[PDB]
Every structure is written in structure tokens, then in C-alpha cells.
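Chemist: So that we are looking at the same thing, I have put the structure below in C-alpha cells.
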Amino acid sequence: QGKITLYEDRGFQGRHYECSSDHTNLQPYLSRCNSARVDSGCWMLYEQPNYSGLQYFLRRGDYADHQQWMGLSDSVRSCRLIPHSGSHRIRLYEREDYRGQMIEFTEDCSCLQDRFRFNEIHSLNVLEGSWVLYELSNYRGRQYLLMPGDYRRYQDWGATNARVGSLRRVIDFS
């Protein structure tokens, strides 16, 4: 279940901490977390503790700096593990609940505008692992996270809007 080595200082220096499970406060272990090494899994970090604020999606790889994982701010005080899943399947819904149009995805969607018309997703049903939504295509903007569950609106995943441009599955193994 994921396994990364968060480093207070870049180049994997300074104080370090290994996270193999959900964590809400990285302060008591990392002053800033300027570097991170992932073994196998997907991880998300949050600029503020208790998963609140701007975050950064991390996948198997070496990060000697915060800029590597898109770290905008080295003020990372929270990090969690996003579960995986052998198969991947998700059902997005146009409007709230399930009265609008629905389209399913079982693979990477670097260009939703090619698969679904409406750009507003106000409900989705994630059966397998988890997925990620991007305000644009080919991930050139913001990103949201949908854990395995049921959503009846866009606010459920704490989103100002529904505008979705692309999406992928949070997995690279099972």
C-alpha cells in the first residue's frame, strides 16, 4: 500500500519520513518536504494538514525537489495514500444525482471533450480504485481526486465547479 520517502530537504537530504499509509500532519516529521521518493503507488500531498488546501499528485518516481511533483509550495503538512484496484471503471453523470447523461471510463482520458459532450460533471460513481479529473485536457491545469464511492454533485469532492476536461485512473500497477 504505497511507500514513499518524504524528505524535508531537496536532493533527498535533511530530515526524512516514510509514509505507507494515510497521514494528516507532516509537520511533526517534515519541516517542508522538498523531496520525495515513491516505490509503488499513488500519493497526494496537501499544503496544509488534514487534507485542506493546494495538493500535488505523486506516482512511482524520484523527486529531489518539490518542483518535480508540481510542488508549487514546499509547505507540505499532509499526505495520504490513494488506494488502487486491479480493474478500473468509473461512471460520470452530467447533472446532479443521476437524471442527466452518463458516460463510463475504464482507461486514461487525456481528452474527455472527445468522449463526452457536456463539460460539466455533477455526479460520478467510482466502482474500482480512484480517479483524477482535470479542468482541461492532457492535464494542463487543475486536478481533483475521486475516491471509490458515490457522488451526487460536484460539491461532494469539494469543487467550485464541474468543468472537467480530462481524467485518469489513479493506478500504475493493479
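Here, A, B, ... name the chains of the C-alpha cells in the order displayed, residue numbers run from 1 inside each chain, and ligands are numbered from 1 in the same displayed order.
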Excluding same-chain residues fewer than 3 positions from residue 64 of chain A, what lies within 6 Å of it counting only C-alpha atoms, as JSON, numbers by chain?
Modeler: {"A": [10, 11, 12, 35]}
Chemist: What would the file look like if the residues just selected were written as a PDB file, in the first residue's frame with N, CA, C and O atoms?
Modeler:
ATOM      1  N   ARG A  10      15.638  19.036  -0.248  1.00  0.00           N
ATOM      2  CA  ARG A  10      15.763  18.512  -1.595  1.00  0.00           C
ATOM      3  C   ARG A  10      16.890  17.509  -1.672  1.00  0.00           C
ATOM      4  O   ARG A  10      17.505  17.191  -0.667  1.00  0.00           O
ATOM      5  N   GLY A  11      17.141  17.016  -2.879  1.00  0.00           N
ATOM      6  CA  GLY A  11      18.202  16.039  -3.088  1.00  0.00           C
ATOM      7  C   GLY A  11      18.091  14.926  -2.062  1.00  0.00           C
ATOM      8  O   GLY A  11      19.067  14.239  -1.759  1.00  0.00           O
ATOM      9  N   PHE A  12      16.891  14.757  -1.532  1.00  0.00           N
ATOM     10  CA  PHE A  12      16.637  13.730  -0.539  1.00  0.00           C
ATOM     11  C   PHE A  12      17.559  13.889   0.665  1.00  0.00           C
ATOM     12  O   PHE A  12      18.116  12.914   1.164  1.00  0.00           O
ATOM     13  N   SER A  35      11.592  16.982  -1.103  1.00  0.00           N
ATOM     14  CA  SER A  35      11.902  15.839  -1.964  1.00  0.00           C
ATOM     15  C   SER A  35      11.128  14.616  -1.518  1.00  0.00           C
ATOM     16  O   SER A  35      10.758  14.497  -0.367  1.00  0.00           O
TER      17      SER A  35
END
Chemist: When you look at residue 15 of chain A with a cut-off of 9 Å (counting only C-alpha atoms), what residues show up, excluding the ones that are within fewer than 3 positions of it in the same chain? I need them as an NGL selection string.
Modeler: :A and (6-9 or 12 or 29-31 or 33)
Chemist: So which one's closest to residue 142 of chain A, A:60, A:107, A:158, A:55? Using only C-alpha atoms, please.
Modeler: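 Looking at the shortest contact to residue 142 of chain A, the residue is A:55.
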Chemist: When distances are computed from only C-alpha atoms, which of A:106, A:113, A:34, A:160 shows the smallest separation from residue 63 of chain A?
Modeler: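 Selected residue with least distance to residue 63 of chain A: A:34.
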Chemist: What residues in chain A get the DSSP label helix (DSSP H, G or I)? Please answer as an mmCIF file with C-alpha atoms, in the first residue's frame.
Modeler:
data_model
loop_
_atom_site.group_PDB
_atom_site.id
_atom_site.type_symbol
_atom_site.label_atom_id
_atom_site.label_comp_id
_atom_site.auth_asym_id
_atom_site.auth_seq_id
_atom_site.Cartn_x
_atom_site.Cartn_y
_atom_site.Cartn_z
ATOM 1 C CA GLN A 67 9.031 21.333 -8.307
ATOM 2 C CA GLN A 68 9.392 17.771 -9.577
ATOM 3 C CA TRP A 69 5.940 16.708 -8.332
ATOM 4 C CA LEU A 112 -12.600 13.992 -22.449
ATOM 5 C CA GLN A 113 -14.000 16.539 -24.944
ATOM 6 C CA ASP A 114 -13.530 13.689 -27.408
ATOM 7 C CA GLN A 155 -19.545 19.789 -4.361
ATOM 8 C CA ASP A 156 -19.163 16.281 -2.981
ATOM 9 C CA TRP A 157 -15.450 16.306 -3.965
#
Chemist: For the interface of segment 113-139 of chain A with segment 144-150 of chain A (cut-off 10 Å, counting only C-alpha atoms), please tabulate each contacting residue of segment 113-139 of chain A alongside its nearest pair of atoms and their separation in Å to one decimal, rows sorted by chain and increasing number, as CSV.
Modeler:
residue,atom,partner,partner_atom,distance
A:123,CA,A:150,CA,7.8
A:124,CA,A:150,CA,6.4
A:125,CA,A:150,CA,4.8
A:126,CA,A:148,CA,5.0
A:127,CA,A:148,CA,5.9
A:128,CA,A:148,CA,6.2
A:129,CA,A:148,CA,5.6
A:130,CA,A:147,CA,4.6
A:131,CA,A:146,CA,5.4
A:132,CA,A:145,CA,4.7
A:133,CA,A:144,CA,5.0
A:134,CA,A:144,CA,6.5
A:135,CA,A:144,CA,8.3
Chemist: Kindly export the residues of the current selection with N, CA, C and O atoms, as a CSV table (one decimal), in the first residue's frame.
Modeler:
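Below is the file that was written, again_20.csv:
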chain,number,residue,atom,x,y,z
A,123,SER,N,-21.8,14.6,-10.7
A,123,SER,CA,-22.1,13.3,-10.1
A,123,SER,C,-21.3,12.3,-10.8
A,123,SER,O,-21.2,12.3,-12.0
A,124,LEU,N,-20.8,11.3,-10.0
A,124,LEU,CA,-20.0,10.2,-10.6
A,124,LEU,C,-20.0,9.1,-9.7
A,124,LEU,O,-20.2,9.2,-8.5
A,125,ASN,N,-19.8,7.9,-10.3
A,125,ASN,CA,-19.8,6.7,-9.5
A,125,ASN,C,-18.5,5.9,-9.7
A,125,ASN,O,-18.4,5.2,-10.7
A,126,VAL,N,-17.6,6.0,-8.8
A,126,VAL,CA,-16.3,5.2,-8.9
A,126,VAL,C,-16.4,3.9,-8.3
A,126,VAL,O,-16.5,3.7,-7.0
A,127,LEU,N,-16.4,2.8,-9.1
A,127,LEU,CA,-16.5,1.5,-8.6
A,127,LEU,C,-15.2,0.9,-8.2
A,127,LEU,O,-15.1,0.3,-7.1
A,128,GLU,N,-14.2,1.0,-9.0
A,128,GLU,CA,-12.9,0.5,-8.7
A,128,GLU,C,-12.0,1.4,-7.8
A,128,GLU,O,-12.6,1.9,-6.9
A,129,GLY,N,-10.8,1.5,-8.1
A,129,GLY,CA,-9.9,2.3,-7.3
A,129,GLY,C,-10.4,3.8,-7.3
A,129,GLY,O,-11.5,4.0,-7.1
A,130,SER,N,-9.4,4.7,-7.6
A,130,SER,CA,-9.8,6.1,-7.6
A,130,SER,C,-9.3,6.7,-9.0
A,130,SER,O,-8.6,6.1,-9.7
A,131,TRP,N,-9.9,7.9,-9.2
A,131,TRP,CA,-9.6,8.6,-10.5
A,131,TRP,C,-9.2,10.0,-10.2
A,131,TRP,O,-9.2,10.5,-9.1
A,132,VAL,N,-8.8,10.8,-11.3
A,132,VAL,CA,-8.4,12.2,-11.2
A,132,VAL,C,-9.1,13.0,-12.3
A,132,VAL,O,-9.0,12.5,-13.4
A,133,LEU,N,-9.7,14.1,-12.0
A,133,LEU,CA,-10.3,15.0,-13.0
A,133,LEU,C,-9.4,16.2,-13.2
A,133,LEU,O,-8.9,16.7,-12.3
A,134,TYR,N,-9.3,16.6,-14.5
A,134,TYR,CA,-8.5,17.8,-14.8
A,134,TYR,C,-9.4,18.9,-15.4
A,134,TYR,O,-10.2,18.6,-16.3
A,135,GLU,N,-9.2,20.1,-15.0
A,135,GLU,CA,-10.0,21.2,-15.5
A,135,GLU,C,-9.9,21.4,-17.0
A,135,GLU,O,-10.6,22.1,-17.7
Chemist: For residue 105 of chain A, find every residue with an atom within 10 Å (counting only C-alpha atoms), except residues of its own chain fewer than 3 positions away, and show them as a PDB file with C-alpha atoms, in the first residue's frame.
Modeler:
ATOM      1  CA  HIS A  88     -10.595   0.426 -13.384  1.00  0.00           C
ATOM      2  CA  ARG A  89     -14.122   1.660 -14.085  1.00  0.00           C
ATOM      3  CA  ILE A  90     -15.951   4.934 -13.358  1.00  0.00           C
ATOM      4  CA  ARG A  91     -19.384   6.365 -14.359  1.00  0.00           C
ATOM      5  CA  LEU A  92     -19.607  10.161 -14.665  1.00  0.00           C
ATOM      6  CA  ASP A 108      -6.883   7.224 -19.292  1.00  0.00           C
ATOM      7  CA  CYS A 109      -8.845  10.197 -20.633  1.00  0.00           C
ATOM      8  CA  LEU A 112     -12.600  13.992 -22.449  1.00  0.00           C
ATOM      9  CA  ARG A 115     -15.508  11.176 -25.363  1.00  0.00           C
ATOM     10  CA  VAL A 126     -16.324   5.249  -8.885  1.00  0.00           C
ATOM     11  CA  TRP A 131      -9.566   8.595 -10.485  1.00  0.00           C
ATOM     12  CA  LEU A 167      -9.397  12.295 -16.298  1.00  0.00           C
ATOM     13  CA  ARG A 168      -7.323   9.217 -15.483  1.00  0.00           C
ATOM     14  CA  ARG A 169      -7.206   6.256 -13.117  1.00  0.00           C
TER      15      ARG A 169
END
Chemist: Select, from A:100, A:83, A:14, A:71, the residue with the minimum atom-to-atom distance to residue 42 of chain A, counting only C-alpha atoms.
Modeler: A:83
Chemist: Find the residue from A:18, A:120, A:62, A:97 that sits nearest to residue 37 of chain A; use only C-alpha atoms when measuring.
Modeler: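 Nearest to residue 37 of chain A: A:62.
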Chemist: Identify which of the residues A:110, A:20, A:48, A:161 lies closest to residue 81 of chain A, counting only C-alpha atoms when measuring atom-to-atom distances.
Modeler: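 Using only C-alpha atoms, residue 81 of chain A sits closest to A:20.
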Chemist: Please measure the separation of atom CA of residue 94 of chain A and atom CA of residue 174 of chain A, giving the value in Å to one decimal.
Modeler: 28.5 Å
Chemist: Can you pull out the residues contacting residue 77 of chain A? Cut-off 10 Å, using only C-alpha atoms, and skip same-chain residues under 6 positions away; I want them as an mmCIF file with N, CA, C and O atoms, in the first residue's frame.
Modeler:
data_model
loop_
_atom_site.group_PDB
_atom_site.id
_atom_site.type_symbol
_atom_site.label_atom_id
_atom_site.label_comp_id
_atom_site.auth_asym_id
_atom_site.auth_seq_id
_atom_site.Cartn_x
_atom_site.Cartn_y
_atom_site.Cartn_z
ATOM 1 N N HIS A 23 -1.801 9.921 6.076
ATOM 2 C CA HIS A 23 -1.214 10.828 7.074
ATOM 3 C C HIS A 23 -1.837 12.224 6.948
ATOM 4 O O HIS A 23 -2.105 12.698 5.849
ATOM 5 N N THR A 24 -2.097 12.863 8.088
ATOM 6 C CA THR A 24 -2.737 14.183 8.095
ATOM 7 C C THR A 24 -1.818 15.305 8.514
ATOM 8 O O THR A 24 -2.134 16.472 8.281
ATOM 9 N N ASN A 25 -0.716 14.996 9.181
ATOM 10 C CA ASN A 25 0.176 16.040 9.661
ATOM 11 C C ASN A 25 1.640 15.658 9.381
ATOM 12 O O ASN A 25 2.190 14.772 10.033
ATOM 13 N N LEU A 26 2.257 16.323 8.399
ATOM 14 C CA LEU A 26 3.651 16.039 8.030
ATOM 15 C C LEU A 26 4.611 16.979 8.745
ATOM 16 O O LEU A 26 5.825 16.846 8.618
ATOM 17 N N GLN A 27 4.067 17.924 9.489
ATOM 18 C CA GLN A 27 4.903 18.869 10.212
ATOM 19 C C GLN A 27 5.735 18.136 11.267
ATOM 20 O O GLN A 27 6.953 18.302 11.317
ATOM 21 N N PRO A 28 5.119 17.331 12.106
ATOM 22 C CA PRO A 28 5.853 16.578 13.167
ATOM 23 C C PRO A 28 6.903 15.611 12.609
ATOM 24 O O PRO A 28 7.517 14.872 13.374
ATOM 25 N N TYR A 29 7.144 15.629 11.291
ATOM 26 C CA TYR A 29 8.162 14.753 10.699
ATOM 27 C C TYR A 29 8.981 15.510 9.651
ATOM 28 O O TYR A 29 10.184 15.282 9.508
ATOM 29 N N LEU A 30 8.321 16.401 8.907
ATOM 30 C CA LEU A 30 8.994 17.175 7.855
ATOM 31 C C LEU A 30 8.730 18.659 8.001
ATOM 32 O O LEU A 30 7.582 19.088 8.107
ATOM 33 N N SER A 31 9.790 19.442 7.967
ATOM 34 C CA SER A 31 9.645 20.882 8.058
ATOM 35 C C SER A 31 8.986 21.425 6.792
ATOM 36 O O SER A 31 8.182 22.355 6.850
ATOM 37 N N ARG A 32 9.357 20.860 5.639
ATOM 38 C CA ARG A 32 8.815 21.341 4.364
ATOM 39 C C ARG A 32 8.540 20.228 3.347
ATOM 40 O O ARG A 32 7.591 20.336 2.575
ATOM 41 N N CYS A 33 9.376 19.194 3.306
ATOM 42 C CA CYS A 33 9.205 18.111 2.329
ATOM 43 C C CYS A 33 9.525 18.628 0.934
ATOM 44 O O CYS A 33 8.623 18.859 0.130
ATOM 45 N N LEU A 45 -0.188 15.061 -1.639
ATOM 46 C CA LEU A 45 0.268 15.865 -0.508
ATOM 47 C C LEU A 45 -0.555 17.145 -0.461
ATOM 48 O O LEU A 45 -1.059 17.576 -1.481
ATOM 49 N N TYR A 46 -0.718 17.724 0.727
ATOM 50 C CA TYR A 46 -1.519 18.938 0.891
ATOM 51 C C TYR A 46 -0.712 20.017 1.596
ATOM 52 O O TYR A 46 -0.008 19.747 2.570
ATOM 53 N N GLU A 47 -0.788 21.231 1.072
ATOM 54 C CA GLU A 47 -0.023 22.332 1.636
ATOM 55 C C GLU A 47 -0.354 22.564 3.120
ATOM 56 O O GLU A 47 0.479 23.065 3.873
ATOM 57 N N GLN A 48 -1.563 22.188 3.539
ATOM 58 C CA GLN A 48 -1.987 22.344 4.934
ATOM 59 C C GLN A 48 -2.382 20.972 5.490
ATOM 60 O O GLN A 48 -2.743 20.080 4.725
ATOM 61 N N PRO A 49 -2.312 20.780 6.784
ATOM 62 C CA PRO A 49 -2.654 19.472 7.426
ATOM 63 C C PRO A 49 -4.137 19.118 7.280
ATOM 64 O O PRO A 49 -4.954 19.973 6.944
ATOM 65 N N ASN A 50 -4.472 17.852 7.553
ATOM 66 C CA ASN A 50 -5.860 17.395 7.478
ATOM 67 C C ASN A 50 -6.457 17.577 6.084
ATOM 68 O O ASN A 50 -7.633 17.906 5.941
ATOM 69 N N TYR A 51 -5.646 17.329 5.063
ATOM 70 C CA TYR A 51 -6.107 17.431 3.679
ATOM 71 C C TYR A 51 -6.971 18.665 3.446
ATOM 72 O O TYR A 51 -8.188 18.564 3.290
ATOM 73 N N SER A 52 -6.332 19.825 3.408
ATOM 74 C CA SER A 52 -7.041 21.075 3.179
ATOM 75 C C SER A 52 -6.112 22.063 2.504
ATOM 76 O O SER A 52 -5.196 22.539 3.137
#
Chemist: Between atom CA of residue 41 of chain A and atom CA of residue 61 of chain A, what is the spacing in Å?
Modeler: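 Between atom CA of residue 61 of chain A and atom CA of residue 41 of chain A the gap works out to 9.6 Å.
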Chemist: Report the residues of segment 22-103 of chain A whose backbone DSSP state falls under strand (DSSP E), written as a PyMOL selection string.
Modeler: chain A and resi 35-46+55-63+78-82+90-93+102-103
